[PDB]
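Note: the block below is coords.cif and it holds mmCIF, C-alpha atoms.
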data_my_file
#
loop_
_atom_site.label_atom_id
_atom_site.label_comp_id
_atom_site.auth_asym_id
_atom_site.auth_seq_id
_atom_site.Cartn_x
_atom_site.Cartn_y
_atom_site.Cartn_z
CA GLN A 17 -28.63 242.88 18.93
CA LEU A 18 -29.20 243.90 15.28
CA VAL A 19 -27.12 242.08 12.66
CA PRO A 20 -27.59 240.11 9.40
CA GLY A 21 -29.36 236.81 10.08
CA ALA A 22 -31.13 238.08 13.19
CA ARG A 23 -34.87 237.24 13.35
CA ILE A 24 -37.06 240.22 14.41
CA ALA A 25 -40.56 240.84 15.76
CA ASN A 26 -41.37 237.40 17.01
CA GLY A 27 -38.99 236.26 14.31
CA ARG A 28 -41.07 237.34 11.34
CA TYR A 29 -38.24 239.30 9.79
CA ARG A 30 -34.78 237.90 9.24
CA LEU A 31 -32.39 240.84 8.90
CA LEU A 32 -30.54 240.77 5.57
CA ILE A 33 -28.51 243.87 4.91
CA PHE A 34 -27.85 247.01 6.85
CA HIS A 35 -28.30 250.15 4.72
CA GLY A 36 -27.30 252.73 7.27
CA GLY A 37 -29.09 255.47 9.13
CA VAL A 38 -29.16 258.56 11.27
CA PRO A 39 -29.24 257.69 14.96
CA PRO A 40 -31.42 256.62 16.59
CA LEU A 41 -32.68 255.22 13.29
CA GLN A 42 -31.47 252.17 11.40
CA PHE A 43 -32.36 251.27 7.88
CA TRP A 44 -32.40 247.57 7.18
CA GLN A 45 -33.42 245.43 4.28
CA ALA A 46 -34.90 242.18 5.61
CA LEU A 47 -36.92 239.11 4.70
CA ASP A 48 -40.55 238.58 5.65
CA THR A 49 -40.24 234.92 6.64
CA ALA A 50 -44.00 234.83 7.06
CA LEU A 51 -44.80 235.80 3.49
CA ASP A 52 -41.53 235.13 1.66
CA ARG A 53 -41.52 238.78 0.58
CA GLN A 54 -38.82 241.38 1.30
CA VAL A 55 -39.27 244.64 3.22
CA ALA A 56 -37.61 247.81 4.44
CA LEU A 57 -37.54 247.84 8.23
CA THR A 58 -36.86 251.16 9.90
CA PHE A 59 -35.97 250.71 13.57
CA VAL A 60 -37.17 253.95 15.10
CA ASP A 61 -35.42 253.66 18.36
CA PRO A 62 -33.49 250.41 18.73
CA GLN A 63 -31.59 251.65 21.78
CA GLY A 64 -34.75 253.00 23.43
CA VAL A 65 -32.69 256.15 23.93
CA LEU A 66 -35.70 258.33 23.14
CA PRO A 67 -38.10 259.81 25.70
CA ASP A 68 -40.99 257.32 25.22
CA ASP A 69 -43.06 260.47 24.82
CA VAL A 70 -41.04 261.50 21.75
CA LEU A 71 -41.08 258.11 20.04
CA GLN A 72 -44.86 258.52 20.04
CA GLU A 73 -44.66 261.82 18.11
CA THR A 74 -42.32 260.34 15.49
CA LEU A 75 -44.44 257.24 14.91
CA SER A 76 -47.56 259.40 14.63
CA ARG A 77 -46.18 261.88 12.12
CA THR A 78 -44.86 258.91 10.16
CA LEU A 79 -48.19 257.19 10.02
CA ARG A 80 -49.52 260.25 8.33
CA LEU A 81 -47.11 259.45 5.47
CA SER A 82 -48.93 256.15 5.00
CA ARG A 83 -51.93 258.20 3.72
CA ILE A 84 -49.93 259.33 0.65
CA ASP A 85 -50.19 257.08 -2.40
CA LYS A 86 -47.19 258.61 -4.05
CA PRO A 87 -44.35 256.79 -5.86
CA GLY A 88 -42.03 259.14 -4.01
CA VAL A 89 -42.61 257.30 -0.73
CA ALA A 90 -42.21 253.57 -0.12
CA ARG A 91 -45.62 252.21 1.07
CA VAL A 92 -45.87 251.58 4.84
CA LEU A 93 -47.01 248.03 5.50
CA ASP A 94 -47.09 247.80 9.25
CA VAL A 95 -45.94 249.37 12.46
CA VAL A 96 -45.02 247.63 15.70
CA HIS A 97 -43.14 247.60 19.02
CA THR A 98 -40.50 244.93 19.14
CA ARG A 99 -37.91 243.82 21.62
CA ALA A 100 -35.97 246.65 19.94
CA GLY A 101 -38.40 249.56 20.55
CA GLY A 102 -40.35 251.13 17.68
CA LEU A 103 -40.28 249.68 14.12
CA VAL A 104 -41.71 250.76 10.71
CA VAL A 105 -42.20 248.12 8.04
CA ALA A 106 -42.49 249.50 4.52
CA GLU A 107 -42.35 247.83 1.07
CA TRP A 108 -39.04 246.87 -0.48
CA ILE A 109 -37.98 249.04 -3.37
CA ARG A 110 -36.35 247.03 -6.16
CA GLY A 111 -33.13 248.74 -7.33
CA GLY A 112 -30.22 250.30 -5.47
CA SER A 113 -29.56 253.00 -2.85
CA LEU A 114 -28.57 256.55 -3.54
CA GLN A 115 -24.88 255.80 -3.02
CA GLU A 116 -25.12 252.90 -5.41
CA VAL A 117 -26.57 254.93 -8.23
CA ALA A 118 -24.66 258.15 -7.68
CA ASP A 119 -21.70 255.87 -8.22
CA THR A 120 -22.74 254.94 -11.76
CA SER A 121 -22.32 258.47 -13.13
CA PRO A 122 -25.94 258.80 -14.49
CA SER A 123 -27.25 261.23 -17.14
CA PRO A 124 -27.86 264.63 -15.60
CA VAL A 125 -31.18 264.48 -17.42
CA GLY A 126 -32.10 261.05 -16.12
CA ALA A 127 -31.04 262.26 -12.65
CA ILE A 128 -33.33 265.26 -12.45
CA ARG A 129 -35.95 263.30 -14.42
CA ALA A 130 -36.02 260.49 -11.83
CA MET A 131 -35.81 262.89 -8.90
CA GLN A 132 -39.19 264.37 -9.75
CA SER A 133 -40.99 261.49 -8.03
CA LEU A 134 -39.41 262.57 -4.75
CA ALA A 135 -40.46 266.20 -4.99
CA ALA A 136 -43.93 264.98 -5.92
CA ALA A 137 -43.90 262.89 -2.78
CA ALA A 138 -42.42 265.63 -0.58
CA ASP A 139 -44.95 268.16 -1.84
CA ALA A 140 -47.92 265.94 -1.12
CA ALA A 141 -46.51 265.11 2.30
CA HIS A 142 -46.15 268.83 2.90
CA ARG A 143 -49.66 269.73 1.71
CA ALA A 144 -50.72 267.01 4.18
CA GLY A 145 -48.79 268.51 7.10
CA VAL A 146 -45.79 266.17 7.39
CA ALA A 147 -42.08 266.19 6.34
CA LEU A 148 -40.38 263.30 4.54
CA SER A 149 -37.25 263.59 6.72
CA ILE A 150 -34.76 263.66 3.84
CA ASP A 151 -31.75 263.78 6.17
CA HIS A 152 -29.20 261.18 5.03
CA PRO A 153 -28.40 259.67 1.65
CA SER A 154 -29.45 256.27 3.07
CA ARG A 155 -33.14 257.26 3.43
CA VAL A 156 -33.30 257.24 -0.36
CA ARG A 157 -33.24 254.56 -3.03
CA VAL A 158 -33.98 254.33 -6.71
CA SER A 159 -36.37 251.89 -8.26
CA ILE A 160 -35.96 249.80 -11.34
CA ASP A 161 -38.82 251.93 -12.66
CA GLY A 162 -36.54 254.94 -12.50
CA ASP A 163 -37.92 256.66 -9.43
CA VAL A 164 -36.36 258.29 -6.44
CA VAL A 165 -38.03 257.04 -3.29
CA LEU A 166 -37.99 257.67 0.42
CA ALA A 167 -37.24 254.01 1.06
CA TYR A 168 -37.04 254.14 4.87
CA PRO A 169 -39.84 256.33 6.26
CA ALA A 170 -39.90 257.82 9.74
CA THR A 171 -40.65 261.49 10.12
CA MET A 172 -38.78 262.77 13.18
CA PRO A 173 -40.28 265.70 15.08
CA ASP A 174 -37.29 267.96 14.35
CA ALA A 175 -37.91 267.12 10.68
CA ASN A 176 -39.29 269.98 8.59
CA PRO A 177 -40.03 270.81 4.89
CA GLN A 178 -37.42 273.55 4.36
CA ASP A 179 -34.95 270.74 5.09
CA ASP A 180 -36.76 268.30 2.86
CA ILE A 181 -36.04 270.62 -0.04
CA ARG A 182 -32.48 271.19 1.06
CA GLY A 183 -32.07 267.41 1.43
CA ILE A 184 -33.82 266.65 -1.82
CA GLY A 185 -31.32 268.95 -3.52
CA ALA A 186 -28.43 267.13 -1.87
CA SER A 187 -29.93 264.02 -3.47
CA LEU A 188 -29.95 265.49 -6.96
CA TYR A 189 -26.45 266.82 -6.36
CA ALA A 190 -25.17 263.43 -5.26
CA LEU A 191 -26.35 261.79 -8.49
CA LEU A 192 -24.91 264.43 -10.77
CA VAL A 193 -21.55 264.76 -9.06
CA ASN A 194 -21.54 261.87 -6.61
CA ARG A 195 -21.06 263.81 -3.34
CA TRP A 196 -23.05 264.79 -0.26
CA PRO A 197 -23.44 268.64 -0.17
CA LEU A 198 -24.54 268.32 3.44
CA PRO A 199 -22.39 267.56 6.49
CA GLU A 200 -23.70 264.04 6.97
CA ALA A 201 -23.87 262.60 10.43
CA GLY A 202 -24.14 258.90 11.06
CA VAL A 203 -23.24 255.95 8.87
CA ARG A 204 -20.54 257.11 6.54
CA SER A 205 -23.14 257.74 3.78
CA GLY A 206 -20.86 256.15 1.22
CA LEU A 207 -20.87 259.56 -0.41
CA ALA A 208 -17.80 261.71 -0.30
CA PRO A 209 -18.40 265.32 0.86
CA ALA A 210 -18.89 268.19 -1.65
CA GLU A 211 -16.09 270.60 -2.55
CA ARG A 212 -16.71 273.81 -0.65
CA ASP A 213 -15.82 276.83 -2.76
CA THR A 214 -13.63 279.67 -1.50
CA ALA A 215 -16.82 280.65 0.39
CA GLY A 216 -17.55 277.27 1.96
CA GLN A 217 -20.77 276.91 0.00
CA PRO A 218 -20.53 273.64 -1.98
CA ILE A 219 -19.56 273.99 -5.63
CA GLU A 220 -22.22 274.04 -8.35
CA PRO A 221 -22.59 270.70 -10.20
CA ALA A 222 -21.74 272.32 -13.58
CA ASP A 223 -18.73 274.28 -12.39
CA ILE A 224 -17.66 270.71 -11.41
CA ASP A 225 -18.57 269.12 -14.78
CA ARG A 226 -19.56 270.98 -17.94
CA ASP A 227 -21.78 268.27 -19.40
CA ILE A 228 -24.29 268.98 -16.61
CA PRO A 229 -26.76 271.43 -18.21
CA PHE A 230 -27.34 274.94 -16.81
CA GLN A 231 -30.69 274.67 -15.11
CA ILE A 232 -30.14 271.11 -13.87
CA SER A 233 -27.04 272.31 -12.06
CA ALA A 234 -28.72 275.51 -10.94
CA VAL A 235 -31.75 273.69 -9.48
CA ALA A 236 -29.68 271.28 -7.38
CA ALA A 237 -27.55 274.21 -6.13
CA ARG A 238 -30.16 276.77 -5.10
CA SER A 239 -31.94 273.88 -3.38
CA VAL A 240 -29.22 273.00 -0.95
CA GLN A 241 -28.47 276.70 -0.27
CA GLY A 242 -30.00 278.04 2.93
CA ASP A 243 -30.46 281.54 1.50
CA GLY A 244 -32.15 280.02 -0.27
CA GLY A 245 -32.98 279.82 -3.99
CA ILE A 246 -36.31 277.84 -3.70
CA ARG A 247 -39.10 277.82 -1.06
CA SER A 248 -41.66 275.09 -1.98
CA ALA A 249 -41.54 271.42 -3.10
CA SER A 250 -44.42 272.72 -5.22
CA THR A 251 -42.26 275.11 -7.30
CA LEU A 252 -39.14 272.92 -6.97
CA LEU A 253 -41.07 270.31 -8.90
CA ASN A 254 -41.71 272.56 -11.88
CA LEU A 255 -38.12 273.66 -11.74
CA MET A 256 -37.17 270.04 -12.28
CA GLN A 257 -39.69 269.76 -15.07
CA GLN A 258 -38.27 272.93 -16.62
CA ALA A 259 -34.64 271.83 -16.41
CA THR A 260 -35.71 268.40 -17.71
CA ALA A 261 -37.91 269.63 -20.54
CA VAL A 262 -35.05 271.77 -21.88
CA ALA A 263 -32.70 268.80 -22.38
CA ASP A 264 -35.68 266.92 -24.02
#
Exercise: express the given structure as structure tokens:
Amino acid sequence: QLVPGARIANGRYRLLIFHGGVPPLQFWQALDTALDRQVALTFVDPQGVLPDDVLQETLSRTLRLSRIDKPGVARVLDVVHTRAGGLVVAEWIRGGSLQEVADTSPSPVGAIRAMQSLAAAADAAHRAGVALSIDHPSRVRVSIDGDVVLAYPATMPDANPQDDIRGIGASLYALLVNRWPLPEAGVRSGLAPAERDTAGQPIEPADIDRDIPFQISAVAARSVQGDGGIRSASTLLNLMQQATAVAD
């Protein structure tokens, strides 16, 4: 039974705050009662609803992400089986979620500037044969050092890179215009859905607000599109650097 105040993993972690998740996953912020440090717990499968075969695959792909010493990805501290199935324990990222920051109407330059860290991450992960699983606004947070970060790691097996880019776009989008360009699916993200044009395709961030520079809007848009505009975290990074440089 997972709720604030609950002690977890032989009571090492007192649950603090629930930050959402895509089932079967749960993103929690909790306290390391052993070290009086804070952490991001990701309960892989709390309801043990997964084929215990599968849960292995997830946990194994995820552990690969621990390799990566990027700023894009919150560092994985420990992995374990608890009363509540699989559980990833990564570092706590000081700052606020995606929701939280989207909601402060940030500079479209700052936005795409920050977001670079997370394409950096996602590219490295990719070059290393592993997706970030950018699937829900909740997964992401922004650090007081001005970095976008996969805060709750757990690469699912269905997870792929094409979708990491798509989802990374949705993250840029959501900062610029404060909306989720994707369907969502799980915890009400906190982010209100994107306005679908007469076509159904979400509406470009600049068409929605003229102070959002050309490229910066363009980047975010082509990203999400499944056509799609961009085909590598690699290039997508330089796109961000382009768009960003221009405003500079």
Exercise for review: Do a neighbour search on residue 52 (chain A) at 10 Å with all atoms listed in the file, toss out local chain neighbours closer than 3 positions, and write the hits as a list in words.
Suggested key: residues 28, 29, 47, 48, 49 and 55 of chain A
Kindly provide the residues of region 39-122 of chain A that approach region 20-26 of chain A to within 10 Å, each paired with its closest atom pair and their distance in Å to one decimal, based on all atoms listed in the file, listed by chain and increasing number, as JSON lines.
{"residue": "A:44", "atom": "CA", "partner": "A:20", "partner_atom": "CA", "distance": 9.1}
{"residue": "A:45", "atom": "CA", "partner": "A:20", "partner_atom": "CA", "distance": 9.4}
{"residue": "A:46", "atom": "CA", "partner": "A:20", "partner_atom": "CA", "distance": 8.5}
{"residue": "A:47", "atom": "CA", "partner": "A:23", "partner_atom": "CA", "distance": 9.1}
{"residue": "A:48", "atom": "CA", "partner": "A:24", "partner_atom": "CA", "distance": 9.6}
{"residue": "A:49", "atom": "CA", "partner": "A:23", "partner_atom": "CA", "distance": 8.9}
{"residue": "A:57", "atom": "CA", "partner": "A:24", "partner_atom": "CA", "distance": 9.8}
{"residue": "A:96", "atom": "CA", "partner": "A:25", "partner_atom": "CA", "distance": 8.1}
{"residue": "A:97", "atom": "CA", "partner": "A:25", "partner_atom": "CA", "distance": 7.9}
{"residue": "A:98", "atom": "CA", "partner": "A:25", "partner_atom": "CA", "distance": 5.3}
{"residue": "A:99", "atom": "CA", "partner": "A:25", "partner_atom": "CA", "distance": 7.1}
{"residue": "A:100", "atom": "CA", "partner": "A:25", "partner_atom": "CA", "distance": 8.5}
{"residue": "A:103", "atom": "CA", "partner": "A:25", "partner_atom": "CA", "distance": 9.0}
Exercise for review: Measure the distance from CA of residue 222 (chain A) to CA of residue 202 (chain A) in Å and round it to one decimal.
Suggested key: 28.2 Å
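The smallest atom-to-atom distance between residue 101 (chain A) and any of A:17, A:120, A:82, A:178, using only C-alpha atoms, is found for A:17.
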Study note, to complete from the structure: Taken to one decimal, the CA of residue 253 (chain A)-CA of residue 137 (chain A) distance is 10.0 Å
Here's the selection I'm unsure about, the PyMOL selection byres ((chain A and resi 259-263) around 9); applied to the file above, which residues does it give, as a PDB file with C-alpha atoms, keeping the file's coordinate frame?
ATOM      1  CA  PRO A 124     -27.860 264.630 -15.600  1.00  0.00           C
ATOM      2  CA  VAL A 125     -31.180 264.480 -17.420  1.00  0.00           C
ATOM      3  CA  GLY A 126     -32.100 261.050 -16.120  1.00  0.00           C
ATOM      4  CA  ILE A 128     -33.330 265.260 -12.450  1.00  0.00           C
ATOM      5  CA  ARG A 129     -35.950 263.300 -14.420  1.00  0.00           C
ATOM      6  CA  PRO A 229     -26.760 271.430 -18.210  1.00  0.00           C
ATOM      7  CA  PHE A 230     -27.340 274.940 -16.810  1.00  0.00           C
ATOM      8  CA  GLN A 231     -30.690 274.670 -15.110  1.00  0.00           C
ATOM      9  CA  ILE A 232     -30.140 271.110 -13.870  1.00  0.00           C
ATOM     10  CA  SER A 233     -27.040 272.310 -12.060  1.00  0.00           C
ATOM     11  CA  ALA A 234     -28.720 275.510 -10.940  1.00  0.00           C
ATOM     12  CA  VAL A 235     -31.750 273.690  -9.480  1.00  0.00           C
ATOM     13  CA  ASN A 254     -41.710 272.560 -11.880  1.00  0.00           C
ATOM     14  CA  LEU A 255     -38.120 273.660 -11.740  1.00  0.00           C
ATOM     15  CA  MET A 256     -37.170 270.040 -12.280  1.00  0.00           C
ATOM     16  CA  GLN A 257     -39.690 269.760 -15.070  1.00  0.00           C
ATOM     17  CA  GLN A 258     -38.270 272.930 -16.620  1.00  0.00           C
ATOM     18  CA  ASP A 264     -35.680 266.920 -24.020  1.00  0.00           C
TER      19      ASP A 264
END
Exercise for review: Please provide the set of residues having any atom within 10 Å of residue 72 (chain A), restricted to all atoms listed in the file, with same-chain residues fewer than 6 positions apart removed, written as a ChimeraX atom specification.
Suggested key: /A:66,78,102,173
I need the chosen residues saved as a PDB file, keeping the file's coordinate frame, with C-alpha atoms.
ATOM      1  CA  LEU A  66     -35.700 258.330  23.140  1.00  0.00           C
ATOM      2  CA  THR A  78     -44.860 258.910  10.160  1.00  0.00           C
ATOM      3  CA  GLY A 102     -40.350 251.130  17.680  1.00  0.00           C
ATOM      4  CA  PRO A 173     -40.280 265.700  15.080  1.00  0.00           C
TER       5      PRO A 173
END
Point to revise | Exercise: residue 36 (chain A) partners within 8 Å, all atoms listed in the file, chain neighbours under 5 positions left out, as number ranges by chain | key: A: 42-44, 154, 202-203, 205
Resolved residues for the PyMOL selection byres ((chain A and resi 208) around 9) as a JSON list (two decimals) with C-alpha atoms, in the frame of the given file:
[["chain", "number", "residue", "atom", "x", "y", "z"],
["A", 194, "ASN", "CA", -21.54, 261.87, -6.61],
["A", 195, "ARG", "CA", -21.06, 263.81, -3.34],
["A", 196, "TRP", "CA", -23.05, 264.79, -0.26],
["A", 197, "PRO", "CA", -23.44, 268.64, -0.17],
["A", 204, "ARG", "CA", -20.54, 257.11, 6.54],
["A", 205, "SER", "CA", -23.14, 257.74, 3.78],
["A", 206, "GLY", "CA", -20.86, 256.15, 1.22],
["A", 207, "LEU", "CA", -20.87, 259.56, -0.41],
["A", 209, "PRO", "CA", -18.40, 265.32, 0.86],
["A", 210, "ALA", "CA", -18.89, 268.19, -1.65]]
Review point. Exactly which residues make up the result of the PyMOL selection byres ((chain A and resi 156) around 8) on this file, given as a ChimeraX atom specification?
Key: /A:113-114,150,152-155,157-158,164-168
Check your understanding: What does the distance between CA of residue 237 (chain A) and CA of residue 220 (chain A) come to in Å, to one decimal place?
Key ->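 So the answer is 5.8 Å.
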Exercise for review: For region 143-148 of chain A, work out the shell of residues within 9 Å, counting all atoms listed in the file and skipping chain neighbours fewer than 4 positions away, then give it as a ChimeraX atom specification.
Suggested key: /A:77-78,80-81,83-84,89,137-139,166,169-173,175-180
**Study point:** Selected residue, from A:122, A:184, A:193, A:41, that lies nearest to residue 223 (chain A) when counting all atoms listed in the file
**Key:** A:193
Write out as a PDB file with C-alpha atoms, in the coordinates of the input the residues lying within 9 Å of residue 201 (chain A), counting all atoms listed in the file and excluding same-chain residues fewer than 6 positions away.
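Final output, saved to result_34.pdb:
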ATOM      1  CA  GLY A  37     -29.090 255.470   9.130  1.00  0.00           C
ATOM      2  CA  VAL A  38     -29.160 258.560  11.270  1.00  0.00           C
ATOM      3  CA  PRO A  39     -29.240 257.690  14.960  1.00  0.00           C
ATOM      4  CA  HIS A 152     -29.200 261.180   5.030  1.00  0.00           C
TER       5      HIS A 152
END
Mind giving me the axis-aligned box for region 210-219 of chain A with 4 Å on every side, centre plus edges in Å to one decimal, as JSON?
{"center_x": -17.2, "center_y": 274.4, "center_z": -1.8, "size_x": 15.1, "size_y": 20.5, "size_z": 15.6}
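Residue nearest residue 188 (chain A) within the list A:33, A:249, A:127, A:224: A:127 [criterion: smallest interatomic distance, all atoms listed in the file].
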